[PDB]
Each structure stands twice: as C-alpha cells, then as structure tokens.
$ cat query-v3.tsv   # TSV, N, CA and C atoms
chain	number	residue	atom	x	y	z
A	22	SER	N	-45.99	11.33	46.30
A	22	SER	CA	-45.79	12.79	46.18
A	22	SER	C	-45.58	13.19	44.77
A	23	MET	N	-45.87	14.45	44.47
A	23	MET	CA	-45.61	14.97	43.16
A	23	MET	C	-44.10	15.09	42.85
A	24	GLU	N	-43.27	15.35	43.88
A	24	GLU	CA	-41.80	15.48	43.72
A	24	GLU	C	-41.24	14.09	43.21
A	25	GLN	N	-41.75	13.01	43.84
A	25	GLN	CA	-41.37	11.63	43.42
A	25	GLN	C	-41.77	11.33	42.00
A	26	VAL	N	-42.97	11.70	41.60
A	26	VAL	CA	-43.34	11.59	40.19
A	26	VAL	C	-42.48	12.34	39.21
A	27	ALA	N	-42.09	13.56	39.63
A	27	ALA	CA	-41.28	14.40	38.73
A	27	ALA	C	-39.87	13.81	38.51
A	28	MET	N	-39.32	13.26	39.60
A	28	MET	CA	-38.05	12.49	39.54
A	28	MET	C	-38.19	11.27	38.67
A	29	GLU	N	-39.33	10.58	38.81
A	29	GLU	CA	-39.61	9.42	37.91
A	29	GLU	C	-39.74	9.76	36.46
A	30	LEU	N	-40.34	10.91	36.15
A	30	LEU	CA	-40.41	11.37	34.76
A	30	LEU	C	-39.00	11.71	34.18
A	31	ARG	N	-38.16	12.30	35.00
A	31	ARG	CA	-36.76	12.62	34.59
A	31	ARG	C	-36.00	11.29	34.30
A	32	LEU	N	-36.17	10.29	35.13
A	32	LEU	CA	-35.54	8.96	34.92
A	32	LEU	C	-36.05	8.32	33.65
A	33	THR	N	-37.37	8.38	33.42
A	33	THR	CA	-37.95	7.96	32.17
A	33	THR	C	-37.40	8.63	30.98
A	34	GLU	N	-37.25	9.95	31.01
A	34	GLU	CA	-36.71	10.65	29.85
A	34	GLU	C	-35.17	10.33	29.68
A	35	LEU	N	-34.45	10.20	30.75
A	35	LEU	CA	-33.04	9.73	30.63
A	35	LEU	C	-32.99	8.37	29.96
A	36	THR	N	-33.87	7.45	30.40
A	36	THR	CA	-33.96	6.13	29.82
A	36	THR	C	-34.19	6.19	28.34
A	37	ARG	N	-35.06	7.12	27.87
A	37	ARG	CA	-35.33	7.26	26.45
A	37	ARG	C	-34.07	7.69	25.72
A	38	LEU	N	-33.36	8.63	26.29
A	38	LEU	CA	-32.16	9.18	25.62
A	38	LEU	C	-31.06	8.09	25.59
A	39	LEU	N	-30.90	7.37	26.70
A	39	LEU	CA	-29.93	6.21	26.77
A	39	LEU	C	-30.29	5.07	25.84
A	40	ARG	N	-31.59	4.82	25.59
A	40	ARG	CA	-31.93	3.82	24.58
A	40	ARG	C	-31.46	4.24	23.20
A	41	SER	N	-31.58	5.51	22.83
A	41	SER	CA	-31.14	5.98	21.54
A	41	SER	C	-29.56	5.89	21.46
A	42	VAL	N	-28.90	6.27	22.56
A	42	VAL	CA	-27.45	6.18	22.65
A	42	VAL	C	-27.04	4.71	22.45
A	43	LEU	N	-27.75	3.77	23.08
A	43	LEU	CA	-27.36	2.35	23.08
A	43	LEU	C	-27.50	1.86	21.65
A	44	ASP	N	-28.55	2.34	20.96
A	44	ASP	CA	-28.75	1.92	19.58
A	44	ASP	C	-27.69	2.36	18.67
A	45	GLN	N	-27.27	3.58	18.84
A	45	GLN	CA	-26.24	4.16	18.04
A	45	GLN	C	-24.89	3.48	18.28
A	46	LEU	N	-24.59	3.21	19.56
A	46	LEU	CA	-23.32	2.46	19.88
A	46	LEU	C	-23.36	1.05	19.31
A	47	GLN	N	-24.45	0.33	19.44
A	47	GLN	CA	-24.49	-0.98	18.94
A	47	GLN	C	-24.39	-1.06	17.40
A	48	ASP	N	-24.81	-0.01	16.72
A	48	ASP	CA	-24.60	0.04	15.27
A	48	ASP	C	-23.16	0.08	14.85
A	49	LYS	N	-22.28	0.54	15.75
A	49	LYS	CA	-20.85	0.52	15.55
A	49	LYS	C	-20.16	-0.83	15.77
A	50	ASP	N	-21.00	-1.84	15.90
A	50	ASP	CA	-20.57	-3.26	16.16
A	50	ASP	C	-21.30	-4.11	15.20
A	51	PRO	N	-21.03	-3.89	13.88
A	51	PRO	CA	-21.90	-4.63	12.94
A	51	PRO	C	-21.68	-6.15	12.90
A	52	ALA	N	-20.47	-6.57	13.32
A	52	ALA	CA	-20.20	-8.01	13.50
A	52	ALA	C	-20.95	-8.67	14.66
A	53	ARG	N	-21.56	-7.86	15.55
A	53	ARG	CA	-22.26	-8.39	16.71
A	53	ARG	C	-21.35	-9.15	17.70
A	54	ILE	N	-20.11	-8.68	17.75
A	54	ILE	CA	-19.11	-9.29	18.67
A	54	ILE	C	-19.48	-9.07	20.14
A	55	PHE	N	-20.10	-7.91	20.39
A	55	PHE	CA	-20.43	-7.49	21.79
A	55	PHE	C	-21.93	-7.59	22.16
A	56	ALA	N	-22.71	-8.20	21.29
A	56	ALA	CA	-24.16	-8.35	21.45
A	56	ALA	C	-24.63	-9.16	22.60
A	57	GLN	N	-23.87	-10.22	23.00
A	57	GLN	CA	-24.34	-11.17	24.00
A	57	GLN	C	-23.20	-11.45	25.05
A	58	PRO	N	-23.56	-11.94	26.21
A	58	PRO	CA	-22.50	-12.33	27.15
A	58	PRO	C	-21.58	-13.37	26.61
A	59	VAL	N	-20.32	-13.26	26.96
A	59	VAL	CA	-19.40	-14.35	26.70
A	59	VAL	C	-19.95	-15.62	27.38
A	60	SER	N	-20.03	-16.69	26.60
A	60	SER	CA	-20.54	-17.99	27.10
A	60	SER	C	-19.53	-18.77	28.02
A	61	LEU	N	-19.87	-19.08	29.26
A	61	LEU	CA	-18.96	-19.81	30.11
A	61	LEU	C	-18.92	-21.25	29.72
A	62	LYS	N	-19.91	-21.73	28.95
A	62	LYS	CA	-19.76	-23.06	28.32
A	62	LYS	C	-18.63	-23.09	27.27
A	63	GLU	N	-18.55	-22.09	26.42
A	63	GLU	CA	-17.49	-21.96	25.39
A	63	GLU	C	-16.11	-21.33	25.80
A	64	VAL	N	-16.11	-20.54	26.90
A	64	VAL	CA	-14.88	-19.92	27.44
A	64	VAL	C	-14.92	-20.17	28.93
A	65	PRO	N	-14.69	-21.46	29.36
A	65	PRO	CA	-14.94	-21.84	30.75
A	65	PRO	C	-14.05	-21.16	31.77
A	66	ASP	N	-12.89	-20.68	31.31
A	66	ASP	CA	-11.97	-19.88	32.19
A	66	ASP	C	-12.29	-18.38	32.28
A	67	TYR	N	-13.37	-17.92	31.63
A	67	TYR	CA	-13.50	-16.44	31.48
A	67	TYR	C	-13.51	-15.66	32.76
A	68	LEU	N	-14.21	-16.14	33.78
A	68	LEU	CA	-14.34	-15.44	35.02
A	68	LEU	C	-13.06	-15.45	35.90
A	69	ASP	N	-12.08	-16.27	35.55
A	69	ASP	CA	-10.78	-16.18	36.16
A	69	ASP	C	-10.04	-14.97	35.66
A	70	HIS	N	-10.37	-14.53	34.43
A	70	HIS	CA	-9.74	-13.40	33.80
A	70	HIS	C	-10.49	-12.12	34.05
A	71	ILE	N	-11.79	-12.13	33.81
A	71	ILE	CA	-12.62	-10.93	33.76
A	71	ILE	C	-13.64	-11.01	34.92
A	72	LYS	N	-13.53	-10.01	35.79
A	72	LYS	CA	-14.35	-10.03	37.01
A	72	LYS	C	-15.75	-9.47	36.88
A	73	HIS	N	-15.95	-8.54	35.94
A	73	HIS	CA	-17.24	-7.92	35.70
A	73	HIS	C	-17.52	-7.97	34.15
A	74	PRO	N	-17.99	-9.12	33.67
A	74	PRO	CA	-18.42	-9.26	32.26
A	74	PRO	C	-19.56	-8.27	31.91
A	75	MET	N	-19.56	-7.81	30.68
A	75	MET	CA	-20.57	-6.92	30.23
A	75	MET	C	-20.78	-7.17	28.74
A	76	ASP	N	-21.97	-6.81	28.26
A	76	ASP	CA	-22.35	-6.98	26.83
A	76	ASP	C	-23.60	-6.13	26.56
A	77	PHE	N	-23.95	-5.95	25.30
A	77	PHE	CA	-25.07	-5.05	24.98
A	77	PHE	C	-26.40	-5.60	25.46
A	78	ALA	N	-26.62	-6.91	25.43
A	78	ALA	CA	-27.90	-7.44	25.90
A	78	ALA	C	-28.12	-7.22	27.37
A	79	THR	N	-27.05	-7.38	28.14
A	79	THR	CA	-27.09	-7.19	29.57
A	79	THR	C	-27.39	-5.68	29.82
A	80	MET	N	-26.75	-4.78	29.07
A	80	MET	CA	-27.03	-3.34	29.24
A	80	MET	C	-28.50	-3.02	28.92
A	81	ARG	N	-29.01	-3.63	27.86
A	81	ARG	CA	-30.39	-3.37	27.47
A	81	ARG	C	-31.39	-3.82	28.55
A	82	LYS	N	-31.14	-4.96	29.21
A	82	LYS	CA	-31.99	-5.39	30.33
A	82	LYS	C	-31.96	-4.38	31.49
A	83	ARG	N	-30.76	-3.93	31.86
A	83	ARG	CA	-30.66	-2.90	32.89
A	83	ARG	C	-31.39	-1.61	32.47
A	84	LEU	N	-31.27	-1.20	31.22
A	84	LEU	CA	-31.85	0.02	30.72
A	84	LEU	C	-33.38	-0.06	30.82
A	85	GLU	N	-33.93	-1.17	30.36
A	85	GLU	CA	-35.40	-1.34	30.35
A	85	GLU	C	-36.04	-1.44	31.73
A	86	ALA	N	-35.26	-1.80	32.75
A	86	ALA	CA	-35.66	-1.71	34.12
A	86	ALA	C	-35.41	-0.31	34.71
A	87	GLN	N	-35.13	0.69	33.86
A	87	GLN	CA	-34.63	2.02	34.34
A	87	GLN	C	-33.55	1.95	35.38
A	88	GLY	N	-32.56	1.08	35.14
A	88	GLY	CA	-31.55	0.82	36.08
A	88	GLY	C	-30.29	1.71	35.95
A	89	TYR	N	-30.24	2.62	34.96
A	89	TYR	CA	-29.18	3.62	34.90
A	89	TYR	C	-29.71	5.01	35.45
A	90	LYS	N	-29.17	5.44	36.57
A	90	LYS	CA	-29.63	6.71	37.20
A	90	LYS	C	-29.02	7.93	36.56
A	91	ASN	N	-27.88	7.77	35.85
A	91	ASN	CA	-27.21	8.89	35.24
A	91	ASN	C	-26.34	8.31	34.09
A	92	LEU	N	-25.86	9.20	33.24
A	92	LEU	CA	-25.01	8.80	32.07
A	92	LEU	C	-23.73	8.13	32.51
A	93	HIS	N	-23.16	8.54	33.64
A	93	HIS	CA	-21.89	7.95	34.13
A	93	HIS	C	-22.04	6.44	34.30
A	94	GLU	N	-23.13	6.03	34.92
A	94	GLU	CA	-23.41	4.60	35.11
A	94	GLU	C	-23.46	3.80	33.78
A	95	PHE	N	-24.09	4.37	32.79
A	95	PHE	CA	-24.25	3.77	31.50
A	95	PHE	C	-22.88	3.70	30.83
A	96	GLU	N	-22.16	4.81	30.86
A	96	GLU	CA	-20.74	4.77	30.32
A	96	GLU	C	-19.83	3.76	30.99
A	97	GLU	N	-19.98	3.58	32.29
A	97	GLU	CA	-19.20	2.58	33.00
A	97	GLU	C	-19.38	1.17	32.40
A	98	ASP	N	-20.62	0.82	32.11
A	98	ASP	CA	-20.99	-0.51	31.54
A	98	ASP	C	-20.42	-0.56	30.11
A	99	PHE	N	-20.60	0.50	29.31
A	99	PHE	CA	-20.01	0.48	27.96
A	99	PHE	C	-18.48	0.31	27.99
A	100	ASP	N	-17.83	1.02	28.87
A	100	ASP	CA	-16.38	0.86	29.01
A	100	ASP	C	-15.97	-0.56	29.41
A	101	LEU	N	-16.75	-1.26	30.24
A	101	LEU	CA	-16.49	-2.64	30.59
A	101	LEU	C	-16.48	-3.52	29.38
A	102	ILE	N	-17.44	-3.29	28.49
A	102	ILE	CA	-17.49	-4.11	27.26
A	102	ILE	C	-16.13	-4.03	26.52
A	103	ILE	N	-15.65	-2.81	26.31
A	103	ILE	CA	-14.45	-2.53	25.55
A	103	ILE	C	-13.22	-3.03	26.31
A	104	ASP	N	-13.15	-2.60	27.56
A	104	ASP	CA	-11.97	-2.90	28.36
A	104	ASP	C	-11.78	-4.37	28.66
A	105	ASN	N	-12.84	-5.10	28.91
A	105	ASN	CA	-12.81	-6.55	29.16
A	105	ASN	C	-12.16	-7.24	27.92
A	106	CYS	N	-12.66	-6.84	26.75
A	106	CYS	CA	-12.24	-7.49	25.49
A	106	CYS	C	-10.77	-7.19	25.22
A	107	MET	N	-10.33	-5.95	25.49
A	107	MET	CA	-8.95	-5.54	25.25
A	107	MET	C	-7.99	-6.22	26.23
A	108	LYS	N	-8.50	-6.73	27.34
A	108	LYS	CA	-7.65	-7.51	28.25
A	108	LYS	C	-7.57	-9.00	27.86
A	109	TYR	N	-8.72	-9.61	27.62
A	109	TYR	CA	-8.77	-11.04	27.37
A	109	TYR	C	-8.17	-11.41	26.04
A	110	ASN	N	-8.34	-10.56	25.04
A	110	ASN	CA	-7.90	-10.84	23.68
A	110	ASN	C	-6.65	-10.10	23.31
A	111	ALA	N	-5.77	-10.71	22.54
A	111	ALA	CA	-4.54	-10.01	22.14
A	111	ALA	C	-4.73	-8.97	21.08
A	112	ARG	N	-3.79	-8.05	21.00
A	112	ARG	CA	-3.79	-6.99	19.96
A	112	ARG	C	-4.00	-7.39	18.51
A	113	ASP	N	-3.53	-8.57	18.12
A	113	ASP	CA	-3.64	-9.06	16.75
A	113	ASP	C	-4.97	-9.78	16.39
A	114	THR	N	-5.97	-9.67	17.23
A	114	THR	CA	-7.19	-10.45	17.06
A	114	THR	C	-8.29	-9.58	16.54
A	115	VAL	N	-9.24	-10.23	15.84
A	115	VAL	CA	-10.42	-9.51	15.38
A	115	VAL	C	-11.23	-8.96	16.56
A	116	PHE	N	-11.20	-9.67	17.70
A	116	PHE	CA	-11.97	-9.20	18.88
A	116	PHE	C	-11.42	-7.89	19.41
A	117	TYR	N	-10.12	-7.85	19.65
A	117	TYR	CA	-9.48	-6.61	20.18
A	117	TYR	C	-9.71	-5.47	19.24
A	118	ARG	N	-9.45	-5.77	17.93
A	118	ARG	CA	-9.62	-4.70	16.93
A	118	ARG	C	-11.01	-4.16	16.89
A	119	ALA	N	-11.99	-5.04	17.03
A	119	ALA	CA	-13.41	-4.61	17.06
A	119	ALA	C	-13.69	-3.66	18.24
A	120	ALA	N	-13.12	-3.97	19.37
A	120	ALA	CA	-13.24	-3.16	20.55
A	120	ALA	C	-12.62	-1.78	20.37
A	121	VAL	N	-11.46	-1.69	19.72
A	121	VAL	CA	-10.85	-0.40	19.51
A	121	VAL	C	-11.79	0.44	18.61
A	122	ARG	N	-12.29	-0.14	17.53
A	122	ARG	CA	-13.15	0.58	16.61
A	122	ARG	C	-14.45	1.05	17.26
A	123	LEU	N	-15.00	0.19	18.11
A	123	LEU	CA	-16.20	0.56	18.91
A	123	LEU	C	-15.95	1.67	19.87
A	124	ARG	N	-14.81	1.64	20.56
A	124	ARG	CA	-14.41	2.70	21.45
A	124	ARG	C	-14.29	4.06	20.71
A	125	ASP	N	-13.61	4.03	19.58
A	125	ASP	CA	-13.31	5.25	18.83
A	125	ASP	C	-14.57	5.86	18.26
A	126	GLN	N	-15.43	5.02	17.69
A	126	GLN	CA	-16.68	5.45	17.11
A	126	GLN	C	-17.69	5.84	18.17
A	127	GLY	N	-17.73	5.08	19.25
A	127	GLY	CA	-18.62	5.38	20.35
A	127	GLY	C	-18.32	6.67	21.10
A	128	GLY	N	-17.05	7.07	21.12
A	128	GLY	CA	-16.62	8.35	21.75
A	128	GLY	C	-17.41	9.53	21.21
A	129	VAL	N	-17.56	9.55	19.89
A	129	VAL	CA	-18.29	10.61	19.16
A	129	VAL	C	-19.73	10.76	19.72
A	130	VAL	N	-20.38	9.61	19.89
A	130	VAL	CA	-21.76	9.52	20.26
A	130	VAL	C	-21.93	9.97	21.72
A	131	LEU	N	-20.98	9.52	22.53
A	131	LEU	CA	-21.04	9.79	23.96
A	131	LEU	C	-20.76	11.23	24.30
A	132	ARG	N	-19.92	11.85	23.48
A	132	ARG	CA	-19.58	13.26	23.63
A	132	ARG	C	-20.85	14.14	23.50
A	133	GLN	N	-21.71	13.83	22.53
A	133	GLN	CA	-22.88	14.65	22.31
A	133	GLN	C	-23.97	14.24	23.32
A	134	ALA	N	-24.02	12.98	23.75
A	134	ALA	CA	-24.96	12.52	24.74
A	134	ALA	C	-24.75	13.26	26.04
A	135	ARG	N	-23.51	13.46	26.42
A	135	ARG	CA	-23.20	14.22	27.62
A	135	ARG	C	-23.71	15.67	27.53
A	136	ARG	N	-23.42	16.36	26.44
A	136	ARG	CA	-23.99	17.70	26.22
A	136	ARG	C	-25.54	17.69	26.35
A	137	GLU	N	-26.22	16.71	25.74
A	137	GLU	CA	-27.72	16.56	25.78
A	137	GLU	C	-28.30	16.33	27.20
A	138	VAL	N	-27.64	15.46	27.95
A	138	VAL	CA	-28.03	15.19	29.32
A	138	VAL	C	-27.87	16.42	30.20
A	139	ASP	N	-26.75	17.11	30.06
A	139	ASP	CA	-26.50	18.39	30.78
A	139	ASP	C	-27.50	19.49	30.34
A	140	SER	N	-27.57	19.70	29.03
A	140	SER	CA	-28.47	20.68	28.42
A	140	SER	C	-29.94	20.51	28.90
A	141	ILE	N	-30.57	19.36	28.61
A	141	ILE	CA	-31.98	19.08	28.99
A	141	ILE	C	-32.16	18.94	30.52
A	142	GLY	N	-31.08	18.63	31.23
A	142	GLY	CA	-31.08	18.39	32.68
A	142	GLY	C	-31.40	16.92	32.90

$ encode --input "query-v3.tsv" --output "structure tokens"
Amino acid sequence: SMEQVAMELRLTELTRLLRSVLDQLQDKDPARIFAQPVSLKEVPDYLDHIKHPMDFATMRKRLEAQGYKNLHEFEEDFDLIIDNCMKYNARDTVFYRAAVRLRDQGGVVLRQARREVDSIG
C-alpha cells in the first residue's frame, strides 16, 4: 500500500536524523570509552552487575537496521550507555567522569533533536 510506503519513508527520514544525532553524541566521547561493548573476556563479571549493556557500536547496528521507531527508543539506549557506566565505575574514575561529560554535552544535542523530530513530524 501507499500508506505503508509513506510510513517507511518517515522511518527512513527519522533514521537519517538519528544518524546525525549519533554522530554528534559520539564526538563528545573523544577517548572512545563508549565506542564498543564492554568485553566479557576482560570484565568477566560484567553481566552480574549490568543487565542491559549498551555502547555506540551496538546503537549504530540497530540504527542501520532502522530499528529505532521514535526518538524515545534511541534516547533509552543512549541513557543505558551513561547509566551503566555510572553504576559499574566509581565516582573517582576516568570512566565515570567520561560518562558525566557525555551526558552533559549530549543533553544539548538531544534537546534540539526533540524539537526537530516534533517540528518535521
């Protein structure tokens, strides 16, 4: 149906806007602390601590499959990245600190992304 195509075009254009958002957020992580999944070979206890691991590569795979239906879903995954790290790592660590800085800087980007998604529909 044409209605199904039109919905698919809207998902495509959301995907485009979320790719730009993802790029901008990842630039706020110049150390690449959040680029890849935590390795269970190197942190074998991780899944005892953190139930839903997340990282930028995993988000990018979901994005390229058009797997985010709305901005809320994408924000949920970004928040997991930050929140997971702030639980596993202590306040005095480079990891925790990196997460705080990513959260603070990413807020700016997400605030305007929300206006854009609402505005364009």

$ atom_distance --input "query-v3.tsv" --atom1 "atom N of residue A:84" --atom2 "atom C of residue A:98"
10.9 Å

$ atom_distance --input "query-v3.tsv" --atom1 "atom CA of residue A:116" --atom2 "atom CA of residue A:54"
7.1 Å

$ closest_residue --input "query-v3.tsv" --among "A:141, A:68, A:107, A:101" --to "residue A:119" --atoms "only C-alpha atoms"
A:107

$ residues_around --input "query-v3.tsv" --residues "residue A:71" --least-positions-apart "6" --cutoff "8 Å" --atoms "all atoms listed in the file" --output "list in words"
residues 105, 108 and 109 of chain A

$ atom_distance --input "query-v3.tsv" --atom1 "atom CA of residue A:127" --atom2 "atom CA of residue A:46"
5.6 Å

$ select_by_dssp --input "query-v3.tsv" --residues "chain A" --states "alpha helix (DSSP H)" --output "number ranges by chain"
A: 23-48, 67-70, 77-85, 92-109, 115-141

$ residues_around --input "query-v3.tsv" --residues "residue A:85" --least-positions-apart "5" --cutoff "9 Å" --atoms "only C-alpha atoms" --output "MDAnalysis selection string"
chainID A and resid 36 40 80

$ residues_around --input "query-v3.tsv" --residues "residue A:78" --least-positions-apart "4" --cutoff "5 Å" --atoms "only N, CA and C atoms" --output "ChimeraX atom specification"
/A:56-57,82

$ residues_around --input "query-v3.tsv" --residues "residue A:142" --least-positions-apart "2" --cutoff "12 Å" --atoms "only C-alpha atoms" --output "VMD selection string"
chain A and resid 28 30 to 32 34 to 35 38 91 to 92 134 to 140

$ closest_residue --input "query-v3.tsv" --among "A:120, A:115, A:131, A:42" --to "residue A:103" --atoms "only N, CA and C atoms"
A:120

$ closest_residue --input "query-v3.tsv" --among "A:130, A:44, A:58, A:96" --to "residue A:79" --atoms "all atoms listed in the file"
A:58

$ closest_residue --input "query-v3.tsv" --among "A:49, A:112, A:70, A:37" --to "residue A:125" --atoms "only C-alpha atoms"
A:49

$ decode --input "query-v3.tsv" --residues "stretch 66-77 of chain A" --atoms "N, CA, C and O atoms" --output "compact mmCIF listing (two decimals), in the first residue's frame"
# COMPACT_ATOMS: atom_id res chain seq x y z
N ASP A 66 32.86 -10.59 35.10
CA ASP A 66 31.67 -10.37 36.00
C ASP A 66 30.65 -9.34 35.49
O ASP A 66 29.65 -9.10 36.18
N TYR A 67 30.86 -8.77 34.30
CA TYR A 67 30.03 -7.57 33.96
C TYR A 67 28.54 -7.78 34.00
O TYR A 67 27.81 -6.90 34.47
N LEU A 68 28.06 -8.90 33.48
CA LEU A 68 26.66 -9.16 33.40
C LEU A 68 25.99 -9.51 34.75
O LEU A 68 24.78 -9.41 34.86
N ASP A 69 26.78 -9.75 35.79
CA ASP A 69 26.26 -9.84 37.13
C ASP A 69 25.88 -8.48 37.65
O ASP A 69 25.03 -8.34 38.52
N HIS A 70 26.55 -7.44 37.13
CA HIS A 70 26.32 -6.07 37.54
C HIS A 70 25.30 -5.38 36.66
O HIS A 70 24.38 -4.69 37.17
N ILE A 71 25.50 -5.45 35.35
CA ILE A 71 24.77 -4.66 34.37
C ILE A 71 23.92 -5.62 33.50
O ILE A 71 24.41 -6.51 32.85
N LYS A 72 22.61 -5.38 33.58
CA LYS A 72 21.68 -6.30 32.91
C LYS A 72 21.42 -6.03 31.44
O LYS A 72 21.01 -6.96 30.72
N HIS A 73 21.56 -4.77 31.02
CA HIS A 73 21.34 -4.36 29.64
C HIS A 73 22.57 -3.48 29.20
O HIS A 73 22.46 -2.25 29.20
N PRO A 74 23.67 -4.13 28.84
CA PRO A 74 24.85 -3.42 28.27
C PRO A 74 24.49 -2.65 26.99
O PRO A 74 23.54 -3.04 26.26
N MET A 75 25.15 -1.53 26.80
CA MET A 75 24.91 -0.74 25.63
C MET A 75 26.23 -0.03 25.30
O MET A 75 27.08 0.21 26.18
N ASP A 76 26.37 0.34 24.02
CA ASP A 76 27.58 1.04 23.51
C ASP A 76 27.24 1.64 22.14
O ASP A 76 26.22 1.26 21.56
N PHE A 77 28.10 2.51 21.64
CA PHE A 77 27.77 3.21 20.38
C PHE A 77 27.75 2.26 19.19
O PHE A 77 26.92 2.44 18.24
